[PDB]
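Novice: My file is run_21.tsv. It has TSV, C-alpha atoms:
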```tsv
chain	number	residue	atom	x	y	z
Z	358	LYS	CA	-33.10	1.32	-18.08
Z	359	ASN	CA	-34.24	-0.01	-21.49
Z	360	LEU	CA	-31.32	-2.48	-21.60
Z	361	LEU	CA	-32.44	-3.76	-18.18
Z	362	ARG	CA	-36.14	-3.70	-19.18
Z	363	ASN	CA	-35.25	-5.89	-22.19
Z	364	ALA	CA	-32.93	-8.04	-20.03
Z	365	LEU	CA	-35.74	-9.00	-17.59
Z	366	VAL	CA	-38.22	-9.96	-20.34
Z	367	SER	CA	-35.53	-11.73	-22.44
Z	368	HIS	CA	-34.35	-13.80	-19.46
Z	369	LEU	CA	-37.82	-15.02	-18.37
Z	370	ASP	CA	-38.61	-16.83	-21.63
Z	371	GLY	CA	-39.02	-20.59	-21.52
Z	372	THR	CA	-40.02	-22.44	-18.34
Z	373	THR	CA	-36.56	-23.20	-16.86
Z	374	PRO	CA	-35.54	-19.54	-16.34
Z	375	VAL	CA	-38.97	-18.76	-14.78
Z	376	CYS	CA	-38.74	-21.86	-12.54
Z	377	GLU	CA	-35.23	-20.69	-11.54
Z	378	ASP	CA	-36.53	-17.16	-10.93
Z	379	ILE	CA	-39.28	-18.53	-8.64
Z	380	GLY	CA	-37.01	-20.93	-6.72
Z	381	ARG	CA	-34.29	-18.30	-6.33
Z	382	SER	CA	-36.71	-15.43	-5.51
Z	383	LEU	CA	-38.35	-17.30	-2.62
Z	384	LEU	CA	-34.96	-18.16	-1.06
Z	385	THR	CA	-33.53	-14.64	-1.56
Z	386	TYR	CA	-36.29	-12.02	-1.82
Z	387	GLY	CA	-38.81	-14.11	0.19
Z	388	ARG	CA	-41.57	-13.71	-2.42
Z	389	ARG	CA	-41.77	-13.72	-6.22
Z	390	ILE	CA	-41.50	-10.16	-7.56
Z	391	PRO	CA	-43.78	-9.36	-10.53
Z	392	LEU	CA	-42.45	-7.67	-13.69
Z	393	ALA	CA	-44.74	-4.68	-12.97
Z	394	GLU	CA	-42.99	-4.16	-9.61
Z	395	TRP	CA	-39.60	-4.37	-11.35
Z	396	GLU	CA	-40.79	-1.83	-13.95
Z	397	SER	CA	-41.97	0.47	-11.11
Z	398	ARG	CA	-38.43	0.39	-9.66
Z	399	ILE	CA	-36.82	0.89	-13.12
Z	400	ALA	CA	-39.13	3.83	-13.96
Z	401	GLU	CA	-38.26	5.17	-10.47
Z	402	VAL	CA	-34.58	5.41	-11.51
Z	403	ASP	CA	-33.52	8.66	-13.23
Z	404	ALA	CA	-30.08	10.33	-13.64
Z	405	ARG	CA	-29.85	11.71	-10.07
Z	406	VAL	CA	-30.60	8.25	-8.60
Z	407	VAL	CA	-27.84	6.59	-10.68
Z	408	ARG	CA	-25.32	9.25	-9.54
Z	409	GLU	CA	-26.35	9.07	-5.86
Z	410	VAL	CA	-26.18	5.24	-5.96
Z	411	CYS	CA	-23.02	4.78	-8.09
Z	412	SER	CA	-21.17	7.37	-5.98
Z	413	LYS	CA	-22.43	5.62	-2.81
Z	414	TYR	CA	-21.01	2.19	-3.75
Z	415	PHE	CA	-18.00	3.15	-5.95
Z	416	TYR	CA	-16.60	6.64	-5.19
Z	417	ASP	CA	-13.63	6.61	-2.77
Z	418	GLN	CA	-13.98	2.89	-1.91
Z	419	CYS	CA	-11.25	0.22	-1.67
Z	420	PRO	CA	-12.00	-2.34	-4.42
Z	421	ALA	CA	-11.28	-6.08	-4.36
Z	422	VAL	CA	-9.01	-6.83	-7.33
Z	423	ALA	CA	-8.04	-10.22	-8.79
Z	424	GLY	CA	-5.44	-10.66	-11.55
Z	425	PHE	CA	-4.44	-13.91	-13.29
Z	426	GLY	CA	-2.12	-14.25	-16.32
Z	427	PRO	CA	0.57	-11.97	-17.84
Z	428	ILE	CA	-0.22	-9.15	-15.40
Z	429	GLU	CA	3.07	-7.21	-15.17
Z	430	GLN	CA	1.22	-4.08	-16.31
Z	431	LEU	CA	-1.67	-4.48	-13.80
Z	432	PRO	CA	-1.62	-1.12	-11.95
Z	433	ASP	CA	-0.45	-0.89	-8.34
Z	434	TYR	CA	-3.21	-1.05	-5.72
Z	435	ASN	CA	-2.48	2.53	-4.57
Z	436	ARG	CA	-2.91	3.68	-8.19
Z	437	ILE	CA	-6.13	1.61	-8.52
Z	438	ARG	CA	-7.31	3.05	-5.18
Z	439	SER	CA	-6.38	6.55	-6.42
Z	440	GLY	CA	-8.57	5.84	-9.48
Z	441	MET	CA	-11.57	4.96	-7.24
Z	442	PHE	CA	-12.18	8.67	-6.60
Z	443	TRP	CA	-11.50	11.53	-9.06
Z	444	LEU	CA	-9.59	14.74	-9.62
Z	445	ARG	CA	-12.97	16.52	-9.33
Y	2	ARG	CA	11.71	-0.63	-20.46
Y	3	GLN	CA	8.09	-0.34	-19.34
Y	4	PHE	CA	5.59	-2.22	-17.17
Y	5	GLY	CA	4.83	-5.19	-19.41
Y	6	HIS	CA	8.26	-5.49	-21.09
Y	7	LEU	CA	10.49	-5.86	-17.96
Y	8	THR	CA	10.98	-9.65	-17.62
Y	9	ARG	CA	9.45	-13.14	-17.65
Y	10	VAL	CA	7.92	-14.04	-14.25
Y	11	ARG	CA	5.94	-17.28	-13.75
Y	12	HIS	CA	3.96	-19.09	-11.03
Y	13	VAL	CA	4.15	-16.31	-8.39
Y	14	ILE	CA	1.17	-15.00	-6.37
Y	15	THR	CA	1.22	-11.65	-4.52
Y	16	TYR	CA	-1.40	-11.08	-1.78
Y	17	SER	CA	-1.82	-7.39	-0.91
Y	18	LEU	CA	-4.14	-5.25	1.24
Y	19	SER	CA	-5.64	-1.75	0.92
Y	20	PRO	CA	-3.85	0.95	2.96
Y	21	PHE	CA	-7.21	2.05	4.41
Y	22	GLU	CA	-8.02	-1.55	5.44
Y	23	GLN	CA	-4.62	-2.04	7.15
Y	24	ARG	CA	-2.59	-0.14	9.74
Y	25	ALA	CA	0.18	2.40	9.04
Y	26	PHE	CA	2.45	1.56	12.02
Y	27	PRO	CA	1.87	-2.18	12.69
Y	28	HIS	CA	3.95	-3.41	15.68
Y	29	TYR	CA	6.43	-0.53	15.41
Y	30	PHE	CA	8.13	-0.56	18.84
Y	31	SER	CA	7.11	-4.21	19.39
Y	32	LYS	CA	8.85	-5.89	16.40
Y	33	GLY	CA	10.97	-2.93	15.21
Y	34	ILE	CA	13.37	-2.15	18.08
Y	35	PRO	CA	14.61	-5.80	18.08
Y	36	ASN	CA	14.94	-5.73	14.26
Y	37	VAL	CA	16.80	-2.39	14.49
Y	38	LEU	CA	19.12	-3.90	17.12
Y	39	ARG	CA	19.71	-7.04	14.99
Y	40	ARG	CA	20.66	-4.84	12.01
Y	41	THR	CA	22.99	-2.82	14.27
Y	42	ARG	CA	24.70	-6.05	15.44
Y	43	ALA	CA	25.11	-7.22	11.82
Y	44	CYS	CA	26.85	-4.03	10.62
Y	45	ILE	CA	28.66	-2.66	13.76
Y	46	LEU	CA	31.75	-4.90	13.44
Y	47	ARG	CA	32.32	-3.81	9.82
Y	48	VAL	CA	31.34	-0.13	10.26
Y	49	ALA	CA	32.60	1.05	13.68
Y	50	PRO	CA	36.31	0.08	14.08
Y	51	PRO	CA	37.59	2.51	11.40
Y	52	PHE	CA	35.73	5.40	13.12
Y	53	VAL	CA	37.10	4.22	16.49
Y	54	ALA	CA	40.58	4.18	14.89
Y	55	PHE	CA	39.88	7.71	13.60
Y	56	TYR	CA	38.91	8.82	17.12
Y	57	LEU	CA	42.13	7.30	18.55
Y	58	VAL	CA	44.33	8.98	15.91
Y	59	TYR	CA	42.28	12.21	16.33
Y	60	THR	CA	42.62	12.60	20.11
Y	61	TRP	CA	46.23	11.34	20.07
Y	62	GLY	CA	47.20	13.73	17.26
Y	63	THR	CA	45.55	16.69	18.99
Y	64	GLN	CA	47.12	15.60	22.32
Y	65	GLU	CA	50.56	15.34	20.70
Y	66	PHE	CA	50.00	18.70	18.95
Y	67	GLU	CA	49.28	20.33	22.35
Y	68	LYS	CA	52.34	18.62	23.88
Y	69	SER	CA	54.60	19.96	21.10
Y	70	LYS	CA	53.00	23.46	21.34
Y	71	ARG	CA	53.89	23.75	25.05
Y	72	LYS	CA	57.29	24.29	26.75
Y	73	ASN	CA	60.00	21.68	27.18
Y	74	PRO	CA	62.35	21.10	30.16
Y	75	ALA	CA	65.57	21.20	28.05
Y	76	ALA	CA	64.92	24.86	27.10
Y	77	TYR	CA	68.00	26.43	28.74
Y	78	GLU	CA	67.67	24.44	32.02
Y	79	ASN	CA	70.85	23.36	33.83
Y	80	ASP	CA	72.36	26.09	31.57
Y	81	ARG	CA	72.61	29.60	33.09
```
Could you write out this structure as structure tokens?
Specialist:
Amino acid sequence: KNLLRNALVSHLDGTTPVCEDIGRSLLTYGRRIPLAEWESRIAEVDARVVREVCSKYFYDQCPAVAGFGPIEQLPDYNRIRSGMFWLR
Amino acid sequence: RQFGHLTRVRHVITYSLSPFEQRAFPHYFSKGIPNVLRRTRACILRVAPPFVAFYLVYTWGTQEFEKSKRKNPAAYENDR
């Protein structure tokens, strides 16, 4: 959370990042989101939320993989897909 | 001998797909039975004729064994 808290305030420093944030926000989110609203959603997140959300998007899901270079060792997709869930 | 130390491969691209995303038996009877037949036509001429020749020698040899087992007309005939 604190890394992300610091990331938001670090990024919106100078005019160009804030002007980007506005222009992007209105195209994507529809409105500009205040830093207080962001903080409300960060403070909302605790350990259970991270687990419920990470497990939702990652656990037992086929991932899109892209390899470029000396990639003879790059694991087989079945082995990567086997790694996308656990032994449990 | 490990993944990473096998050999030098360059400029190749391998497109793959997740087994959950794709089918297990894609066009099995559709494309397969012709491919199976093609493979059979390729090999048959090399593979079969020795086994045919075995079958000929087999049946003949068993036939000729049964002929030789049985009686013969020169066994004391025209000889009282």
Novice: For atom CA of residue 19 of chain Y and atom CA of residue 444 of chain Z, quote the distance in Å rounded to one decimal.
Specialist: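 Pair atom CA of residue 19 of chain Y / atom CA of residue 444 of chain Z returns 20.0 Å.
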Novice: Kindly determine which residues of chain Y lie within 10 Å of chain Z, considering all atoms listed in the file, and give the answer as a VMD selection string.
Specialist: chain Y and resid 3 to 12 14 to 22
Novice: Could you tell me how far atom CA of residue 441 of chain Z sits from atom CA of residue 416 of chain Z, in Å to one decimal place?
Specialist: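 Going from atom CA of residue 416 of chain Z over to atom CA of residue 441 of chain Z, I get 5.7 Å.
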Novice: Could you give me, as a PDB file with C-alpha atoms, in the coordinates of the input, the residues within 10 Å of segment 385-396 of chain Z, counting all atoms listed in the file and dropping anything in the same chain fewer than 2 positions from it?
Specialist:
```pdb
ATOM      1  CA  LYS Z 358     -33.100   1.320 -18.080  1.00  0.00           C
ATOM      2  CA  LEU Z 361     -32.440  -3.760 -18.180  1.00  0.00           C
ATOM      3  CA  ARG Z 362     -36.140  -3.700 -19.180  1.00  0.00           C
ATOM      4  CA  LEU Z 365     -35.740  -9.000 -17.590  1.00  0.00           C
ATOM      5  CA  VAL Z 366     -38.220  -9.960 -20.340  1.00  0.00           C
ATOM      6  CA  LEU Z 369     -37.820 -15.020 -18.370  1.00  0.00           C
ATOM      7  CA  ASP Z 378     -36.530 -17.160 -10.930  1.00  0.00           C
ATOM      8  CA  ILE Z 379     -39.280 -18.530  -8.640  1.00  0.00           C
ATOM      9  CA  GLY Z 380     -37.010 -20.930  -6.720  1.00  0.00           C
ATOM     10  CA  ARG Z 381     -34.290 -18.300  -6.330  1.00  0.00           C
ATOM     11  CA  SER Z 382     -36.710 -15.430  -5.510  1.00  0.00           C
ATOM     12  CA  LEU Z 383     -38.350 -17.300  -2.620  1.00  0.00           C
ATOM     13  CA  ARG Z 398     -38.430   0.390  -9.660  1.00  0.00           C
ATOM     14  CA  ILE Z 399     -36.820   0.890 -13.120  1.00  0.00           C
ATOM     15  CA  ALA Z 400     -39.130   3.830 -13.960  1.00  0.00           C
ATOM     16  CA  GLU Z 401     -38.260   5.170 -10.470  1.00  0.00           C
ATOM     17  CA  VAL Z 402     -34.580   5.410 -11.510  1.00  0.00           C
TER      18      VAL Z 402
END
```
Novice: Draw an axis-aligned box tight on the listed atoms of segment 424-433 of chain Z, then pad every side by 4 Å and write out centre and edge lengths in Å to one decimal as lines of an AutoDock Vina configuration file.
Specialist:
```
center_x = -1.2
center_y = -7.6
center_z = -13.1
size_x = 16.5
size_y = 21.4
size_z = 17.5
```
Novice: Between atom CA of residue 368 of chain Z and atom CA of residue 384 of chain Z, what is the distance in Å, rounded to a tenth?
Specialist: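 About the pair atom CA of residue 368 of chain Z and atom CA of residue 384 of chain Z: they are 18.9 Å apart.
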